[PDB]
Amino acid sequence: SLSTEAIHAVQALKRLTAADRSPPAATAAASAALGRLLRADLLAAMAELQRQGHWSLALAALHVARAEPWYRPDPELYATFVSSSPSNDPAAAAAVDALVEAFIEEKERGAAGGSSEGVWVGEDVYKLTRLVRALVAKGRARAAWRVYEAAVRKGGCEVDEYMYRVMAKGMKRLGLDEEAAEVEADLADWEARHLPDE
């Protein structure tokens, strides 16, 4: 559930942006109501806004969160934003794609080393699969592909059959037959190394 501090923060955010729906003031209202909540409270506020349907406000909260010092690029966090995004909404869809681009840029922002390259290597497989699943579920075939290609194809994040099947089926039914075939190939390679051989 939500601490009274987070509940009051959400109410505060809504009531302020009510008198002015405009996004410029909406931002200033977010840092005003959510500016300095403990990580746990800010995350709960965000989730509550998503749950209620105030997606644009949830995004505003994300903005605030990105400024916090504890902030870290997290696939699960991004998946909730995709899941809660409005269906049949061109603007929303673009926002989702943009979000995916933001997640990969945030994650890879800290990489300049021949040092053991692992920006994606240590990533949570389940969470990353959840993000991909959500993107597919919302028809963001391209976005899904950027993520897979970034974290698995290049990032060298070791995934499993479940992840592959999700992608292959996703790309297929979404009309990227080209990429579907590549996933199947990646899967084929995987199988070629885990399947008991003789």
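Throughout, we count residues from 1 along the sequence that is shown.
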| property | result |
| --- | --- |
| 126-134 or 66-74, whichever carries the higher mean Cα B-factor | 66-74 |
| Greater mean Cα temperature factor according to the PDB record, 174-182 or 20-28 | 20-28 |
| Residue 38 - Cα temperature factor, lowest/middle/highest third of chain | highest |
| Relative C-alpha B-factor of residue 6, binned into the chain's lowest, middle or highest third | middle |
| Relative C-alpha B-factor of residue 116, binned into the chain's lowest, middle or highest third | highest |
| B-factor third for the C-alpha atom of residue 98 within its chain | middle |
| Within-chain third of residue 51 by Cα B-factor, per the entry | lowest |
